[PDB]
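For reference, start13.txt is printed below; it contains compact mmCIF, C-alpha atoms and all ligand atoms.
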```
# COMPACT_ATOMS: atom_id res chain seq x y z
CA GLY A 8 -23.84 0.24 7.35
CA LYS A 9 -22.94 0.99 3.71
CA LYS A 10 -20.48 3.85 3.16
CA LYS A 11 -19.72 6.50 0.53
CA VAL A 12 -16.57 5.61 -1.49
CA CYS A 13 -14.50 8.08 -3.54
CA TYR A 14 -12.06 6.54 -5.99
CA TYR A 15 -9.06 8.28 -7.57
CA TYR A 16 -7.72 7.32 -10.98
CA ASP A 17 -5.99 8.94 -13.94
CA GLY A 18 -6.40 7.16 -17.33
CA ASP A 19 -2.75 7.97 -18.15
CA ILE A 20 -1.34 6.05 -15.15
CA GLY A 21 -1.14 2.72 -17.04
CA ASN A 22 1.18 4.19 -19.68
CA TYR A 23 4.15 4.86 -17.32
CA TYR A 24 6.81 2.19 -17.92
CA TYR A 25 9.65 1.40 -15.58
CA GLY A 26 11.62 -0.41 -18.34
CA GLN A 27 12.26 -3.88 -19.77
CA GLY A 28 12.64 -6.51 -17.03
CA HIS A 29 11.39 -4.23 -14.23
CA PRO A 30 8.66 -6.02 -12.22
CA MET A 31 6.71 -2.84 -11.34
CA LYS A 32 3.97 -2.45 -13.96
CA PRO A 33 1.67 0.60 -13.68
CA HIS A 34 -0.52 -1.09 -16.33
CA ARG A 35 -1.90 -3.27 -13.45
CA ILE A 36 -3.73 -0.09 -12.18
CA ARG A 37 -5.47 0.23 -15.59
CA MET A 38 -6.32 -3.53 -15.54
CA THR A 39 -7.88 -3.03 -12.06
CA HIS A 40 -9.89 -0.01 -13.27
CA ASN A 41 -11.15 -1.81 -16.38
CA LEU A 42 -12.14 -4.92 -14.43
CA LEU A 43 -14.00 -2.91 -11.76
CA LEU A 44 -15.75 -0.87 -14.54
CA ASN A 45 -16.88 -4.10 -16.27
CA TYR A 46 -18.25 -5.45 -12.95
CA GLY A 47 -20.41 -2.24 -12.73
CA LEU A 48 -18.65 -0.93 -9.58
CA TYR A 49 -18.62 2.66 -11.08
CA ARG A 50 -22.41 3.02 -10.42
CA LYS A 51 -21.85 3.19 -6.66
CA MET A 52 -18.60 5.22 -6.42
CA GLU A 53 -17.72 8.86 -6.91
CA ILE A 54 -14.84 8.69 -9.44
CA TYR A 55 -12.27 11.50 -9.40
CA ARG A 56 -9.16 12.22 -11.52
CA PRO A 57 -6.42 13.33 -9.12
CA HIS A 58 -4.61 16.60 -9.66
CA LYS A 59 -0.84 16.45 -10.42
CA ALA A 60 0.66 17.08 -6.92
CA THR A 61 3.06 20.02 -6.99
CA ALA A 62 6.76 19.92 -6.00
CA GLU A 63 5.63 22.19 -3.13
CA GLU A 64 3.00 19.64 -1.88
CA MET A 65 5.75 16.96 -2.02
CA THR A 66 8.17 19.10 0.02
CA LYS A 67 5.81 18.94 3.04
CA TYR A 68 7.90 15.73 3.68
CA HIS A 69 10.68 15.38 1.06
CA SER A 70 13.75 17.62 0.83
CA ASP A 71 13.72 20.49 -1.68
CA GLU A 72 16.87 19.12 -3.37
CA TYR A 73 15.43 15.63 -3.84
CA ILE A 74 12.15 16.89 -5.33
CA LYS A 75 14.07 19.35 -7.59
CA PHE A 76 16.14 16.38 -8.85
CA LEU A 77 13.00 14.27 -9.51
CA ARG A 78 11.43 17.15 -11.47
CA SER A 79 14.64 17.67 -13.55
CA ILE A 80 15.99 14.20 -14.40
CA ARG A 81 15.04 12.53 -17.72
CA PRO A 82 16.49 9.60 -19.75
CA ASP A 83 17.99 12.17 -22.22
CA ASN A 84 19.90 14.13 -19.55
CA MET A 85 20.76 11.26 -17.04
CA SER A 86 24.47 11.46 -18.02
CA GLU A 87 24.74 14.90 -16.37
CA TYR A 88 23.24 13.64 -13.05
CA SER A 89 25.42 10.58 -12.24
CA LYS A 90 26.36 12.23 -8.88
CA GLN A 91 22.79 13.05 -7.78
CA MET A 92 21.56 9.62 -9.01
CA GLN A 93 23.93 7.93 -6.54
CA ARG A 94 23.00 10.35 -3.75
CA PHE A 95 19.21 9.83 -4.23
CA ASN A 96 19.40 6.08 -4.99
CA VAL A 97 18.19 6.27 -8.59
CA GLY A 98 19.33 3.09 -10.38
CA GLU A 99 18.07 -0.46 -11.05
CA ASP A 100 15.19 -0.51 -8.53
CA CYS A 101 14.25 3.13 -9.04
CA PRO A 102 15.18 3.88 -12.64
CA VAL A 103 14.84 7.06 -14.61
CA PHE A 104 11.93 6.64 -17.01
CA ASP A 105 9.94 8.89 -19.36
CA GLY A 106 7.39 10.83 -17.28
CA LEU A 107 8.80 9.71 -13.89
CA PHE A 108 7.88 13.00 -12.22
CA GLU A 109 4.31 13.02 -13.63
CA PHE A 110 3.87 9.40 -12.43
CA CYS A 111 4.89 10.58 -8.91
CA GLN A 112 2.53 13.56 -9.20
CA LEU A 113 -0.48 11.32 -10.08
CA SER A 114 0.33 8.67 -7.45
CA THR A 115 0.72 11.40 -4.80
CA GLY A 116 -2.21 13.47 -6.04
CA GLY A 117 -4.67 10.62 -5.51
CA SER A 118 -3.49 9.98 -1.94
CA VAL A 119 -3.46 13.62 -0.83
CA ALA A 120 -6.83 14.34 -2.59
CA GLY A 121 -8.34 11.31 -0.80
CA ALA A 122 -7.00 12.59 2.54
CA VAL A 123 -8.50 16.07 1.89
CA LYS A 124 -11.90 14.48 1.06
CA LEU A 125 -11.80 12.47 4.32
CA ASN A 126 -10.79 15.62 6.29
CA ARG A 127 -13.76 17.54 4.86
CA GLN A 128 -16.05 14.64 6.00
CA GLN A 129 -17.25 14.29 2.39
CA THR A 130 -16.55 10.54 2.20
CA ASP A 131 -16.25 7.54 4.49
CA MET A 132 -13.59 5.81 2.32
CA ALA A 133 -11.15 7.12 -0.31
CA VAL A 134 -9.30 4.67 -2.65
CA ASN A 135 -6.10 5.31 -4.62
CA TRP A 136 -4.73 2.13 -6.16
CA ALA A 137 -1.83 4.10 -7.71
CA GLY A 138 -0.55 5.07 -4.24
CA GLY A 139 0.94 3.09 -1.36
CA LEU A 140 4.61 3.61 -2.35
CA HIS A 141 5.83 2.98 1.17
CA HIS A 142 9.64 2.73 0.76
CA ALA A 143 10.40 6.28 -0.39
CA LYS A 144 12.42 8.33 2.12
CA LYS A 145 12.82 12.06 2.81
CA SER A 146 15.79 12.40 0.37
CA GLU A 147 16.01 8.99 -1.24
CA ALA A 148 14.08 6.77 -3.64
CA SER A 149 13.88 3.06 -2.63
CA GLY A 150 12.24 -0.20 -3.74
CA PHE A 151 10.40 1.15 -6.80
CA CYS A 152 9.13 4.18 -4.78
CA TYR A 153 10.21 7.80 -5.37
CA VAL A 154 7.68 9.99 -3.53
CA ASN A 155 6.07 8.73 -0.35
CA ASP A 156 2.43 9.48 -1.11
CA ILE A 157 1.44 7.69 2.16
CA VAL A 158 3.50 10.01 4.38
CA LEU A 159 2.10 13.03 2.52
CA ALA A 160 -1.50 11.74 2.89
CA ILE A 161 -0.91 11.12 6.64
CA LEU A 162 0.50 14.64 7.14
CA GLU A 163 -2.72 15.90 5.48
CA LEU A 164 -4.90 13.77 7.84
CA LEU A 165 -2.88 15.07 10.83
CA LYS A 166 -4.30 18.56 10.14
CA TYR A 167 -7.71 17.37 11.48
CA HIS A 168 -6.93 14.07 13.29
CA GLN A 169 -4.96 13.80 16.53
CA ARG A 170 -4.08 10.14 16.01
CA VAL A 171 -3.78 8.33 12.69
CA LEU A 172 -3.35 4.56 12.37
CA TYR A 173 -1.34 3.21 9.42
CA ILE A 174 -1.67 -0.55 8.54
CA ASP A 175 0.49 -2.17 5.86
CA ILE A 176 -0.27 -5.65 4.42
CA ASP A 177 2.28 -5.50 1.52
CA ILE A 178 4.72 -8.45 1.85
CA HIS A 179 7.60 -5.94 2.34
CA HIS A 180 8.17 -3.91 5.49
CA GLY A 181 6.64 -0.38 5.36
CA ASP A 182 10.01 1.20 6.21
CA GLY A 183 9.57 4.69 4.71
CA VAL A 184 6.33 5.30 6.57
CA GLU A 185 7.68 3.79 9.81
CA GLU A 186 10.81 5.97 9.64
CA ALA A 187 8.88 9.18 8.92
CA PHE A 188 6.85 8.85 12.10
CA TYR A 189 9.26 6.78 14.26
CA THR A 190 9.58 9.43 17.00
CA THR A 191 5.97 10.60 17.26
CA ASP A 192 2.86 9.20 18.96
CA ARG A 193 0.47 10.96 16.49
CA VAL A 194 0.82 8.08 14.01
CA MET A 195 0.93 4.38 14.92
CA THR A 196 2.47 2.26 12.15
CA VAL A 197 1.61 -1.47 11.96
CA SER A 198 3.34 -3.63 9.37
CA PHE A 199 2.86 -7.36 8.65
CA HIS A 200 5.66 -8.57 6.41
CA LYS A 201 8.13 -11.27 5.43
CA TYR A 202 11.26 -10.84 7.55
CA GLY A 203 14.58 -12.66 7.05
CA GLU A 204 16.91 -12.45 3.97
CA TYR A 205 14.31 -10.20 2.33
CA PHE A 206 14.00 -6.62 1.17
CA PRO A 207 14.26 -4.04 2.75
CA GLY A 208 15.85 -5.87 5.73
CA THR A 209 14.04 -3.88 8.41
CA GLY A 210 10.89 -4.54 10.47
CA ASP A 211 12.21 -6.66 13.33
CA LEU A 212 9.78 -7.53 16.14
CA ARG A 213 12.04 -5.39 18.41
CA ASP A 214 11.69 -2.19 16.33
CA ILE A 215 8.96 -0.48 18.37
CA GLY A 216 9.64 3.25 18.01
CA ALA A 217 11.84 5.77 19.82
CA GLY A 218 11.35 8.75 22.17
CA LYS A 219 7.69 9.92 22.19
CA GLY A 220 7.12 7.26 19.48
CA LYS A 221 8.19 4.34 21.75
CA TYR A 222 5.44 1.62 21.44
CA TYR A 223 3.91 3.43 18.40
CA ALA A 224 5.62 1.27 15.74
CA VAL A 225 4.43 -2.36 15.51
CA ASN A 226 6.07 -5.03 13.35
CA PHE A 227 4.84 -8.58 12.80
CA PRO A 228 7.70 -10.52 11.13
CA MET A 229 6.63 -13.58 9.12
CA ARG A 230 8.27 -16.47 7.26
CA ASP A 231 7.39 -17.92 3.81
CA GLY A 232 4.03 -19.49 3.00
CA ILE A 233 1.59 -17.73 5.34
CA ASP A 234 -1.98 -18.73 4.40
CA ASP A 235 -5.51 -17.28 4.91
CA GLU A 236 -6.17 -19.26 8.11
CA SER A 237 -2.90 -18.12 9.79
CA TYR A 238 -3.05 -14.49 8.68
CA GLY A 239 -6.72 -14.16 9.67
CA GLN A 240 -6.07 -15.53 13.20
CA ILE A 241 -3.58 -12.74 14.03
CA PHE A 242 -4.79 -9.79 11.94
CA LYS A 243 -8.20 -9.19 13.60
CA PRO A 244 -6.88 -9.69 17.22
CA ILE A 245 -3.91 -7.33 16.65
CA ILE A 246 -5.91 -4.63 14.86
CA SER A 247 -8.70 -4.90 17.52
CA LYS A 248 -6.15 -4.37 20.34
CA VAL A 249 -4.53 -1.48 18.46
CA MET A 250 -7.99 0.15 17.98
CA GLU A 251 -8.77 -0.35 21.69
CA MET A 252 -5.51 1.11 23.03
CA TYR A 253 -4.66 3.74 20.43
CA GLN A 254 -8.21 4.94 19.54
CA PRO A 255 -7.22 6.48 16.16
CA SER A 256 -9.62 8.90 14.44
CA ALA A 257 -8.53 8.04 10.83
CA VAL A 258 -6.89 4.99 9.23
CA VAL A 259 -4.65 4.50 6.16
CA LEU A 260 -4.46 0.93 4.86
CA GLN A 261 -1.72 -0.02 2.34
CA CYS A 262 -3.10 -3.02 0.35
CA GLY A 263 0.05 -4.24 -1.39
CA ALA A 264 -0.97 -7.37 -3.33
CA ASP A 265 2.46 -9.00 -3.34
CA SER A 266 1.33 -10.90 -0.20
CA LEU A 267 -0.90 -13.06 -2.53
CA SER A 268 -0.15 -16.65 -3.54
CA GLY A 269 1.74 -16.84 -6.86
CA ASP A 270 3.24 -13.33 -6.70
CA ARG A 271 6.34 -12.96 -8.90
CA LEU A 272 8.39 -11.47 -6.00
CA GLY A 273 6.40 -12.56 -2.93
CA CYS A 274 6.60 -15.84 -1.01
CA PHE A 275 3.24 -15.79 0.85
CA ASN A 276 0.16 -17.91 0.10
CA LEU A 277 -2.88 -15.69 0.68
CA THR A 278 -5.91 -15.81 -1.58
CA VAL A 279 -7.82 -12.65 -2.67
CA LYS A 280 -10.45 -13.49 0.03
CA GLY A 281 -7.72 -13.80 2.70
CA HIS A 282 -6.13 -10.49 1.68
CA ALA A 283 -9.56 -8.75 1.47
CA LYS A 284 -10.52 -10.01 4.94
CA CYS A 285 -8.02 -7.33 6.18
CA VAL A 286 -10.08 -4.64 4.44
CA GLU A 287 -13.31 -6.08 6.00
CA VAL A 288 -11.69 -6.05 9.48
CA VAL A 289 -10.56 -2.41 9.21
CA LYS A 290 -13.79 -1.22 7.57
CA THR A 291 -15.78 -2.70 10.48
CA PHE A 292 -14.36 -0.01 12.88
CA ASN A 293 -16.33 2.69 10.98
CA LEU A 294 -13.47 5.21 10.91
CA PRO A 295 -12.47 7.52 7.97
CA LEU A 296 -10.33 5.19 5.81
CA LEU A 297 -7.82 5.78 2.98
CA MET A 298 -7.14 2.56 1.02
CA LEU A 299 -3.95 2.51 -1.05
CA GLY A 300 -2.16 0.17 -3.42
CA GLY A 301 1.49 -0.86 -3.21
CA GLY A 302 3.31 -3.95 -4.47
CA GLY A 303 1.84 -6.75 -6.59
CA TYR A 304 3.86 -8.30 -9.45
CA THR A 305 1.58 -11.08 -10.94
CA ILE A 306 -0.61 -8.41 -12.52
CA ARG A 307 -3.72 -10.53 -13.24
CA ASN A 308 -3.90 -11.25 -9.47
CA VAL A 309 -3.32 -7.60 -8.52
CA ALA A 310 -6.31 -6.62 -10.73
CA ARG A 311 -8.46 -9.37 -9.13
CA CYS A 312 -7.37 -8.34 -5.61
CA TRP A 313 -7.98 -4.62 -5.88
CA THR A 314 -11.25 -5.12 -7.82
CA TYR A 315 -12.52 -7.38 -4.99
CA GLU A 316 -11.27 -4.93 -2.31
CA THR A 317 -13.12 -2.07 -4.05
CA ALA A 318 -16.32 -4.28 -4.00
CA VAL A 319 -15.65 -4.92 -0.24
CA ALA A 320 -15.36 -1.13 0.35
CA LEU A 321 -18.74 -0.69 -1.41
CA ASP A 322 -20.43 -3.64 0.41
CA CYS A 323 -21.22 -4.98 -3.06
CA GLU A 324 -21.25 -8.67 -3.88
CA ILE A 325 -19.75 -9.52 -7.28
CA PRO A 326 -19.77 -12.87 -9.12
CA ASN A 327 -16.73 -15.17 -9.35
CA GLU A 328 -17.24 -15.39 -13.16
CA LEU A 329 -15.23 -12.48 -14.60
CA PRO A 330 -17.12 -10.12 -16.89
CA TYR A 331 -15.68 -9.57 -20.39
CA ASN A 332 -13.07 -6.75 -20.25
CA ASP A 333 -10.19 -5.21 -22.26
CA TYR A 334 -7.68 -7.61 -20.69
CA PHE A 335 -9.87 -10.77 -20.53
CA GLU A 336 -7.12 -13.03 -21.93
CA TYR A 337 -4.80 -12.12 -19.00
CA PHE A 338 -7.20 -13.99 -16.64
CA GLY A 339 -7.03 -17.37 -18.32
CA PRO A 340 -7.21 -20.32 -18.14
CA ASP A 341 -10.06 -20.02 -15.59
CA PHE A 342 -11.45 -16.48 -16.09
CA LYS A 343 -12.56 -16.36 -12.42
CA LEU A 344 -12.03 -13.59 -9.85
CA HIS A 345 -10.89 -15.73 -6.92
CA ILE A 346 -7.63 -17.61 -6.71
CA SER A 347 -6.53 -20.90 -5.16
CA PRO A 348 -3.60 -21.13 -2.74
CA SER A 349 -0.56 -23.19 -3.77
CA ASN A 350 0.78 -26.33 -2.00
CA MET A 351 3.74 -24.36 -0.50
CA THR A 352 4.59 -25.15 3.10
CA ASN A 353 3.53 -22.56 5.65
CA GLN A 354 6.71 -21.98 7.68
CA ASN A 355 4.71 -19.84 10.18
CA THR A 356 3.68 -22.56 12.64
CA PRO A 357 0.57 -21.88 14.77
CA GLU A 358 2.87 -21.62 17.83
CA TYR A 359 5.11 -19.04 16.12
CA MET A 360 2.05 -16.94 15.18
CA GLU A 361 0.71 -17.02 18.76
CA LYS A 362 4.09 -16.24 20.25
CA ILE A 363 4.68 -13.16 18.05
CA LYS A 364 1.09 -12.00 18.71
CA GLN A 365 1.68 -12.31 22.48
CA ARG A 366 4.93 -10.28 22.25
CA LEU A 367 3.07 -7.52 20.34
CA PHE A 368 0.24 -7.63 22.93
CA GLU A 369 2.90 -7.03 25.69
CA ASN A 370 4.09 -3.91 23.83
CA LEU A 371 0.52 -2.69 23.31
CA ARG A 372 -0.06 -2.93 27.11
CA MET A 373 2.59 -0.16 27.43
CA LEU A 374 0.41 2.51 25.73
CA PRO A 375 -1.26 5.18 27.97
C1 LIG B 1 6.00 -1.09 -4.25
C2 LIG B 1 6.30 -1.56 -2.82
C3 LIG B 1 7.09 -2.87 -2.73
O1 LIG B 1 7.33 -3.09 -1.36
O2 LIG B 1 6.34 -3.92 -3.30
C4 LIG B 1 8.45 -2.73 -3.44
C5 LIG B 1 9.35 -3.97 -3.43
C6 LIG B 1 10.78 -3.61 -3.86
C7 LIG B 1 11.75 -4.77 -4.07
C8 LIG B 1 13.17 -4.27 -4.33
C9 LIG B 1 14.24 -5.35 -4.54
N1 LIG B 1 15.55 -4.75 -4.51
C10 LIG B 1 16.63 -5.36 -4.00
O3 LIG B 1 16.61 -6.46 -3.46
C11 LIG B 1 17.91 -4.56 -4.19
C12 LIG B 1 19.13 -5.49 -4.40
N2 LIG B 1 19.60 -5.13 -2.97
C13 LIG B 1 21.00 -4.64 -2.85
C14 LIG B 1 18.51 -4.02 -2.87
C15 LIG B 1 14.06 -6.02 -5.87
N3 LIG B 1 14.39 -5.40 -7.05
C16 LIG B 1 14.14 -6.28 -8.08
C17 LIG B 1 14.36 -5.96 -9.50
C18 LIG B 1 14.34 -6.97 -10.46
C19 LIG B 1 14.54 -6.66 -11.80
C20 LIG B 1 14.74 -5.36 -12.19
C21 LIG B 1 14.76 -4.35 -11.25
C22 LIG B 1 14.59 -4.65 -9.91
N4 LIG B 1 13.68 -7.43 -7.61
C23 LIG B 1 13.61 -7.27 -6.24
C24 LIG B 1 13.15 -8.36 -5.34
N5 LIG B 1 12.86 -9.53 -5.89
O4 LIG B 1 12.99 -8.15 -4.13
CA CA B 2 3.97 -4.68 5.28
CA CA B 3 5.04 6.17 15.27
ZN ZN B 4 5.99 -5.18 -1.67
```

Rewrite the structure of this file - the entire thing - as structure tokens.
Amino acid sequence: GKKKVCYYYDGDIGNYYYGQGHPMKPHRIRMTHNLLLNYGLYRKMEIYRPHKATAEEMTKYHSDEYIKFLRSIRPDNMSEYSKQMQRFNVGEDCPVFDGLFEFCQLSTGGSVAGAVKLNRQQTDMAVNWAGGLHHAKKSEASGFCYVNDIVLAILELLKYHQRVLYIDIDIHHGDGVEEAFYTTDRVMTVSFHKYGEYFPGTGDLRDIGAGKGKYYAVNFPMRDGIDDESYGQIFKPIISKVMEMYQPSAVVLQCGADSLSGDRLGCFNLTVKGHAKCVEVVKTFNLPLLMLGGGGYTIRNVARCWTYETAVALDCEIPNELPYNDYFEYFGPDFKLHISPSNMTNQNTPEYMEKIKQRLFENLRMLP
């Protein structure tokens, strides 16, 4: 039935600024929080302010040198770190900004705190919209991500769970998470993403894991314009088969909103209902679940998406008419929660979707 939901948020998160022209806007997390507060969704959730994760907590995955660099670099001293900036991939996508380290600490803190709460069996679901930064690597920043809060949260879950399932619905391949666990069977990573002349360039159908991890990495490559009907028809069957064969005891779901119609960087055509159907599907399995953020670059739609997904987690129905809020004008000209898909062509034919699903089903038959 209805579950207990713990939500992690720091009121300072919206003030971190990647810089002029950078599409990643932490302010979208504050818009989400304010919208969900004005819908009354605070009355049913336990709200927590995450601790600032320590460099030590971060080094459970990342190298000591990379975390020391992140904790030391600032816009005023960048000139003295040109060598380490190249080595750790700090540049246009992952710039140095005021409070970069604290932003990483808050993003990571929410994910790890949520994982601890799930481990202690004190909540059914934990939500951290500031997390889900799936591209960060052991000693390298990538694609707007510096510290891989997801990998850290999964390592925390692995203390009490033999098998953890990771599902990623961001439009970009979940490469950092896939790479971290590529050679183990204790985590199964499942990513649905645009593949072909698109960042990060990984996530081929044929990337299925290695060694003990062979068959424990699943990739569903898609083309432009996927819609609710098409996504829905493959998501539930794949996740159901993964649940059946893998039998995970905890799940982490990355809810990157750049898979929505009208995203500034994305090329998919999902509505908020289509995206949220993934949360409904996963929630139905009644397993401890950590829901995380990720991409999303048309910020009014990211706030709508994550507000609706928080309502889905709470089994609370909320009206389509948006309540008045601090950012009301951002939701014009309609001031509604739900969005309409565009007229873009769906290049994922029904036959292509079935064929890729059948290839993934063949790989899933190889599990013990
Ligand atoms: C938070 C999780 C997430 O998966 O959503 C993150 C998505 C990251 C997208 C990164 C992308 N970067 C690249 O394509 C760079 C150029 N190539 C040599 C690598 C990129 N960087 C930028 C960019 C634009 C302006 C200023 C800075 C970066 N745009 C793009 C783009 N359109 O793909
Ligand atoms: Ca993905
Ligand atoms: Ca794996
Ligand atoms: Zn993305």

Item checked: Selected residue of minimal separation from ligand CA 3 (chain B) among A:96, A:66, A:355, A:191, counting only C-alpha atoms and all ligand atoms ->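 Selected residue with least distance to ligand CA 3 (chain B): A:191.
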
Item checked: Point-to-point distance in Å for atom CA of residue A:60 and atom CA of residue A:139 ->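 Between atom CA of residue A:139 and atom CA of residue A:60 the gap is 15.1 Å.
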
Margin query: If I take atom CA of residue A:181 and atom CA of residue A:198, how far is one from the other in Å, to one decimal?
Written below: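 These two atoms are separated by 6.1 Å.
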
Using only C-alpha atoms and all ligand atoms, which protein or nucleic acid residues are at most 10 Å from ligand ZN 4 (chain B), as a short mmCIF file (atom, residue, chain, number, x, y, z; two decimals) with C-alpha atoms, in the coordinates of the input?
```cif
data_model
loop_
_atom_site.label_atom_id
_atom_site.label_comp_id
_atom_site.auth_asym_id
_atom_site.auth_seq_id
_atom_site.Cartn_x
_atom_site.Cartn_y
_atom_site.Cartn_z
CA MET A 31 6.71 -2.84 -11.34
CA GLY A 139 0.94 3.09 -1.36
CA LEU A 140 4.61 3.61 -2.35
CA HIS A 141 5.83 2.98 1.17
CA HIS A 142 9.64 2.73 0.76
CA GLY A 150 12.24 -0.20 -3.74
CA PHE A 151 10.40 1.15 -6.80
CA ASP A 175 0.49 -2.17 5.86
CA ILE A 176 -0.27 -5.65 4.42
CA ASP A 177 2.28 -5.50 1.52
CA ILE A 178 4.72 -8.45 1.85
CA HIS A 179 7.60 -5.94 2.34
CA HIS A 180 8.17 -3.91 5.49
CA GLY A 181 6.64 -0.38 5.36
CA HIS A 200 5.66 -8.57 6.41
CA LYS A 201 8.13 -11.27 5.43
CA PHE A 206 14.00 -6.62 1.17
CA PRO A 207 14.26 -4.04 2.75
CA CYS A 262 -3.10 -3.02 0.35
CA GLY A 263 0.05 -4.24 -1.39
CA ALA A 264 -0.97 -7.37 -3.33
CA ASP A 265 2.46 -9.00 -3.34
CA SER A 266 1.33 -10.90 -0.20
CA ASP A 270 3.24 -13.33 -6.70
CA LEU A 272 8.39 -11.47 -6.00
CA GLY A 273 6.40 -12.56 -2.93
CA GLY A 300 -2.16 0.17 -3.42
CA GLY A 301 1.49 -0.86 -3.21
CA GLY A 302 3.31 -3.95 -4.47
CA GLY A 303 1.84 -6.75 -6.59
CA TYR A 304 3.86 -8.30 -9.45
#
```

Check: Which residue, A:74, A:120, A:133, A:367, has the smallest gap to residue A:214 when you use all atoms listed in the file?
Finding: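 Looking at the shortest contact to residue A:214, the residue is A:367.
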
Note to self: So, with all atoms listed in the file as the atoms that count, which of A:79, A:118, A:86, A:130 lies closest to residue A:53?
What the structure shows: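 Using all atoms listed in the file, the shortest distance to residue A:53 belongs to A:130.
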
Item checked: Shortest interatomic distance to residue A:159 - which of A:337, A:28, A:69, A:85, counting only C-alpha atoms -> A:69

Notebook entry, point to check: Interatomic distance between atom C18 of ligand LIG 1 (chain B) and atom CA of residue A:29?
Noted result: 5.5 Å

Next item on the list: List the neighbours of residue A:250 out to 10 Å using all atoms listed in the file; skip same-chain residues closer than 6 positions along the sequence, and give me the result as a PyMOL selection string.
Entry: chain A and resi 172+244+256+289+292

Note to self: Let me see if you get this right: every residue at most 10 Å from ligand CA 3 (chain B), counting all atoms listed in the file, written as a PyMOL selection string.
What the structure shows: chain A and resi 170-173+184-197+215-225

Notebook entry, point to check: Counting all atoms listed in the file, which of A:174, A:42, A:12, A:373 gets nearest to ligand CA 2 (chain B)?
Noted result: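 Answer, going by the shortest atom-to-atom distance: A:174.
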
Check: Looking at A:305, A:291, A:261, A:327, which one is nearest to ligand CA 2 (chain B), with distances taken over all atoms listed in the file?
Finding: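 Ranked by minimum distance to ligand CA 2 (chain B), first place goes to A:261.
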
Can I get stretch 118-128 of chain A with N, CA, C and O atoms filled in, as an mmCIF file, in the coordinates of the input?
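Generated output (selection.cif):
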```cif
data_model
loop_
_atom_site.group_PDB
_atom_site.id
_atom_site.type_symbol
_atom_site.label_atom_id
_atom_site.label_comp_id
_atom_site.auth_asym_id
_atom_site.auth_seq_id
_atom_site.Cartn_x
_atom_site.Cartn_y
_atom_site.Cartn_z
ATOM 1 N N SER A 118 -3.517 10.210 -3.392
ATOM 2 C CA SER A 118 -3.490 9.980 -1.940
ATOM 3 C C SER A 118 -3.809 11.231 -1.134
ATOM 4 O O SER A 118 -4.600 11.175 -0.183
ATOM 5 N N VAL A 119 -3.207 12.357 -1.519
ATOM 6 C CA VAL A 119 -3.460 13.620 -0.830
ATOM 7 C C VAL A 119 -4.906 14.071 -1.073
ATOM 8 O O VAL A 119 -5.567 14.487 -0.123
ATOM 9 N N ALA A 120 -5.430 13.936 -2.314
ATOM 10 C CA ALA A 120 -6.830 14.340 -2.590
ATOM 11 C C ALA A 120 -7.793 13.489 -1.756
ATOM 12 O O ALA A 120 -8.785 14.002 -1.236
ATOM 13 N N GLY A 121 -7.506 12.189 -1.627
ATOM 14 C CA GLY A 121 -8.340 11.310 -0.800
ATOM 15 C C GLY A 121 -8.325 11.753 0.659
ATOM 16 O O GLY A 121 -9.363 11.777 1.323
ATOM 17 N N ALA A 122 -7.140 12.127 1.153
ATOM 18 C CA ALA A 122 -7.000 12.590 2.540
ATOM 19 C C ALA A 122 -7.787 13.885 2.744
ATOM 20 O O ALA A 122 -8.487 14.009 3.745
ATOM 21 N N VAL A 123 -7.733 14.819 1.774
ATOM 22 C CA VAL A 123 -8.500 16.070 1.890
ATOM 23 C C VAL A 123 -10.007 15.766 1.946
ATOM 24 O O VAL A 123 -10.725 16.309 2.782
ATOM 25 N N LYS A 124 -10.481 14.858 1.100
ATOM 26 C CA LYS A 124 -11.900 14.480 1.060
ATOM 27 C C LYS A 124 -12.350 13.873 2.405
ATOM 28 O O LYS A 124 -13.451 14.158 2.888
ATOM 29 N N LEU A 125 -11.491 13.036 3.017
ATOM 30 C CA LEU A 125 -11.800 12.470 4.320
ATOM 31 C C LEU A 125 -11.819 13.579 5.392
ATOM 32 O O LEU A 125 -12.732 13.600 6.236
ATOM 33 N N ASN A 126 -10.863 14.495 5.338
ATOM 34 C CA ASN A 126 -10.790 15.620 6.290
ATOM 35 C C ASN A 126 -12.033 16.502 6.242
ATOM 36 O O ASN A 126 -12.529 16.957 7.287
ATOM 37 N N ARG A 127 -12.544 16.734 5.024
ATOM 38 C CA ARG A 127 -13.760 17.540 4.860
ATOM 39 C C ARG A 127 -15.039 16.775 5.205
ATOM 40 O O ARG A 127 -16.131 17.333 5.050
ATOM 41 N N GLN A 128 -14.928 15.504 5.650
ATOM 42 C CA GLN A 128 -16.050 14.640 6.000
ATOM 43 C C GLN A 128 -17.009 14.465 4.825
ATOM 44 O O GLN A 128 -18.222 14.328 5.017
#
```
